[PDB]
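Below: the structure, in structure tokens.
Residue numbers (UniProt numbering), protein chains in the order written: chain A, 59 to 246; chain B, 467 to 517; chain C, 467 to 517; chain D, 467 to 517; chain E, 467 to 517.
In structure tokens form, the structure reads like this:
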């Protein structure tokens, strides 16, 4: 309940425009995230006169208002296509991951650097029972000091909305079993 | 004094409160915030009674 | 006065409540909101009894 | 018995608790979880007193 | 009356409740919702006892 009340506390002591941005995020995070990814590649007036721009700004300026004082470990699911793995690791119905596909994902993410951008919703714990597990790839990242992380509530749970402006370097991947399905856990 | 006679005490139910079961995010059944009284007045207004 | 004679007091169990255990997000066993009473009625109407 | 004499009862304050107010972008003020006792010591250690 | 005699009262322990310490998202120790009895029945059922 402590983290619940802290998230509900942060979500009141902020601007009303930031509340509007975050509330619009609670339902339409898809196109908002796509915009935070691909916004920087337009014209100046194209960027400024765009309607979705300013609220982005607002929500952006919300993220940077809550920095962390020490490195924090976060976990989130990711599609393998985000790491240039253009095929399926395992069908969403299958339970086992082949050794060949595992070795391929290993040799295709060995020592690359993948720049990130846009908003991202993360958690502070490994997903368990009831948690949404959309992709067979789970990333366990360590966010450094002074990283803006805004906690919020989507009317049933608590999430941590951050904005990623770095590049990820996957070090090691391992096979995991959760609730009877095999996943890949990568350290970044 | 009137109870020490043919007079009897009758009991009669004026209302009953209770819960119903739903499944939460997990596969667990919850019956705590689910009150039947929220639906009685509704069920009694869109139905016919058959005994 | 009737207890001060061959009359005995009997004790019977009308119901019993209690919790079960589950693992939450972090690997801890939680047995607080997990009421058994939510499942009794559902287990009796689905199963056959063997003693 | 000693109070039915010159002896008087004195009253002395040993401590006082209370809340401060925190604002926001609008004028929504909250004064509940904002205890003053969390700061008294911290203010008494970094300051000089002037009466 | 029987206690004002050779008879003595004995004390025996039937159960003991208590918490253990875990760490939250930060480095803070929490010992509040961490009931030991959630594990008492589980450790006694997977292990051998050595005194």
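Where a beta carbon is used, it is the ideal one built from N, C-alpha and C, also for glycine.
Proximity below 8 Å, CB of residue i to CB of residue j
i	j	result
residue 198 of chain A	residue 246 of chain A	yes
residue 504 of chain C	residue 487 of chain C	no
residue 240 of chain A	residue 154 of chain A	yes
residue 66 of chain A	residue 220 of chain A	no
residue 64 of chain A	residue 209 of chain A	yes
residue 178 of chain A	residue 131 of chain A	no
residue 207 of chain A	residue 71 of chain A	no
residue 135 of chain A	residue 84 of chain A	no
residue 103 of chain A	residue 185 of chain A	no
Where residue i sits in the DSSP three-state scheme
i	result
residue 102 of chain A	helix
residue 233 of chain A	strand
residue 490 of chain B	coil
residue 244 of chain A	strand
residue 496 of chain C	strand
residue 136 of chain A	strand
residue 143 of chain A	coil
residue 92 of chain A	helix
residue 68 of chain A	helix
residue 183 of chain A	coil
residue 221 of chain A	strand
residue 504 of chain D	helix
residue 473 of chain B	coil
residue 226 of chain A	strand
residue 130 of chain A	strand
residue 173 of chain A	strand
residue 509 of chain E	helix
residue 202 of chain A	coil
residue 178 of chain A	strand
residue 164 of chain A	helix
residue 192 of chain A	coil
residue 108 of chain A	coil
residue 214 of chain A	coil
residue 239 of chain A	strand
Distance between residue j and residue i (C-alpha atoms, nearest Å)
i	j	result
residue 517 of chain C	residue 474 of chain C	29 Å
residue 484 of chain B	residue 480 of chain C	18 Å
residue 162 of chain A	residue 217 of chain A	32 Å
residue 243 of chain A	residue 68 of chain A	31 Å
residue 213 of chain A	residue 512 of chain C	34 Å
residue 181 of chain A	residue 106 of chain A	32 Å
residue 59 of chain A	residue 478 of chain B	43 Å
residue 223 of chain A	residue 510 of chain D	43 Å
residue 236 of chain A	residue 150 of chain A	14 Å
residue 493 of chain B	residue 187 of chain A	9 Å
residue 507 of chain E	residue 491 of chain B	27 Å
residue 498 of chain D	residue 100 of chain A	48 Å
residue 262 of chain A	residue 122 of chain A	Nothing about residue 262 of chain A can be reported from this structure: the residues present for chain A run from 59 to 246 only.
residue 127 of chain A	residue 482 of chain D	33 Å
residue 108 of chain A	residue 129 of chain A	35 Å
residue 61 of chain A	residue 215 of chain A	11 Å
residue 476 of chain B	residue 467 of chain B	16 Å
residue 145 of chain A	residue 90 of chain A	27 Å
residue 472 of chain C	residue 469 of chain B	30 Å
residue 147 of chain A	residue 172 of chain A	19 Å
residue 81 of chain A	residue 75 of chain A	10 Å
residue 98 of chain A	residue 73 of chain A	25 Å
residue 203 of chain A	residue 189 of chain A	27 Å
residue 234 of chain A	residue 137 of chain A	16 Å
residue 514 of chain C	residue 502 of chain B	29 Å
residue 78 of chain A	residue 495 of chain D	20 Å
residue 159 of chain A	residue 111 of chain A	40 Å
residue 164 of chain A	residue 86 of chain A	34 Å
residue 238 of chain A	residue 489 of chain E	28 Å
residue 176 of chain A	residue 183 of chain A	22 Å
Check: residue i C-beta below 7 Å from any heavy atom of the ligand MN
i	result
residue 472 of chain E	With respect to the ligand MN, the structure shown offers nothing to examine, as it has no ligands at all.
Short CB-CB distance (under 8 Å) between residue i and chain G
i	result
residue 487 of chain C	The structure shown contains no chain G; its protein chains are A, B, C, D and E.
Take every Cβ of the segment 223–232 of chain A, pair it with every Cβ of the segment 162–169 of chain A, and state whether three or more of those distances are shorter than 8 Å.
With a cut-off of 8 Å on Cβ pairs, the segment 223–232 of chain A is in contact with the segment 162–169 of chain A, counting three or more such pairs.
If you measure beta-carbon to beta-carbon, which residues of the segment 489–501 of chain B are closer than 7 Å to chain A?
Taking 7 Å as the Cβ-Cβ cut-off against chain A, the residues of the segment 489–501 of chain B that qualify are 491 and 492.
Three CB pairs or more closer than 8 Å across the segment 85–94 of chain A and the segment 110–119 of chain A:
With the cut-off at 8 Å, the segment 85–94 of chain A and the segment 110–119 of chain A touch.
When you check each C-beta in the segment 66–90 of chain A against every C-beta of chain E, which residues fall closer than 9 Å?
Those residues of the segment 66–90 of chain A that come within reach of chain E (Cβ to Cβ, closer than 9 Å) do not exist; the list is empty.
Would the segment 185–195 of chain A and the segment 126–142 of chain A be scored as touching if the rule is three or more Cβ pairs under 8 Å?
The way I'd put it, the segment 185–195 of chain A does touch the segment 126–142 of chain A; three or more beta-carbon pairs between them come closer than 8 Å.
Check distances from the C-beta atoms of the segment 206–220 of chain A to those of chain B and list, in chain order, the residues that come in under 9 Å.
Closer than 9 Å at the C-beta level to chain B, one finds these residues of the segment 206–220 of chain A: 214 and 215.
With 7 Å as the limit, tell me which residues of the segment 163–193 of chain A have their beta carbon closer than that to any beta carbon of chain B; keep them in chain order.
Interface annotation for the segment 163–193 of chain A against chain B: 187 and 188, criterion Cβ-Cβ distance under 7 Å.
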